[PDB]
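A.B. asks:
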Amino acid sequence: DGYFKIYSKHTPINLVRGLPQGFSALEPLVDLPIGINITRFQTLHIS
Amino acid sequence: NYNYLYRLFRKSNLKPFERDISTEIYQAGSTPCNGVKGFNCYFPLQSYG
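Chains as they are written, first to last, in my numbering: chain Y, 8 to 54; chain V, 232 to 280.
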């Protein structure tokens with residue numbers, strides 16, 4: 008509904024390859040009352 | 232004044248709570264516009280008298 012909701016969570020982890028087999032919720036971080044019809048996304052590159 | 236303008240043609244309706252600023256020709260018939268109005272392609276955007 009014209010709202011971008013971005014929810015973030017940080018966890019100290021030590022497992023190497025797969026996703027940890029544990030459970031933890033996700034608290035909301037930012038609400039974005041802005042309306043766009045985005046259908047694709049890309050991740051920036053780093054050096 | 233002709234600064235008050237609106238879109239009359241569109242493919243379908245609109246979802247709630249959004250703004251469309253698509254300034255493109257609309258296909259008003261079986262004739263494909265292909266970037267040229269010609270026939271069966273009227274500009275959906277026009278002003279008011």
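Positions of the beta carbon are idealized from the N, C-alpha and C atoms, including for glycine.
(1) To the nearest angstrom, how far is the alpha carbon of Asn-21 of chain Y from that of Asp-38 of chain Y?
(2) For a test of the three-state rule: what should DSSP assign to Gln-258 of chain V, helix, strand or coil?
(3) Would you report the Cα separation of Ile-13 of chain Y and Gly-269 of chain V, rounded to the nearest angstrom?
(4) Tell me, which residues are paired with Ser-278 of chain V by DSSP?
(5) Would a check of beta-carbon distances place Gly-25 of chain Y closer than 8 angstroms to chain V?
(6) Is the beta carbon of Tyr-237 of chain V closer than 8 angstroms to that of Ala-259 of chain V?
(7) Apart from the five residues on each side of it in sequence, which residues of its chain come closer than 6 angstroms, Cβ to Cβ, to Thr-262 of chain V?
(8) Does chain Y have any CB closer than 8 angstroms to the CB of residue 226 of chain V?
C.D. replies: Straight from the coordinates:
(1) Locating residue 21 of chain Y in the first sequence gives position 14, where the first residue counts as 1. Locating residue 38 of chain Y in the first sequence gives position 31, where the first residue counts as 1. The straight-line gap from Cα to Cα measures roughly 31 angstroms.
(2) Reading the second sequence from its first residue, position 27 is the one you call residue 258 of chain V. It is coil, neither helix nor strand.
(3) Position 6 of the first sequence, counted from the start, is the residue given in the question as residue 13 of chain Y. Position 38 of the second sequence, counted from the start, is the residue given in the question as residue 269 of chain V. Approximately 46 angstroms, taken between the alpha carbons.
(4) Sequence index remark: in the second sequence, residue 278 of chain V carries index 47 (1-based). In DSSP, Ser-278 of chain V forms a bridge with V:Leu-236.
(5) The residue given as residue 25 of chain Y occupies position 18 in the first sequence. With 8 angstroms as the cut-off, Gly-25 of chain Y does not count as an interface residue toward chain V.
(6) One-based indexing of the second sequence puts residue 259 of chain V at position 28. One-based indexing of the second sequence puts residue 237 of chain V at position 6. Not in contact: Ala-259 of chain V and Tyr-237 of chain V (Cβ atoms no closer than 8 angstroms).
(7) If you number the second sequence from 1, residue 262 of chain V lands on position 31. Contacts found: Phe-270 and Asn-271.
(8) No answer is possible for residue 226 of chain V: it lies beyond the span of chain V, which begins at 232 and ends at 280.
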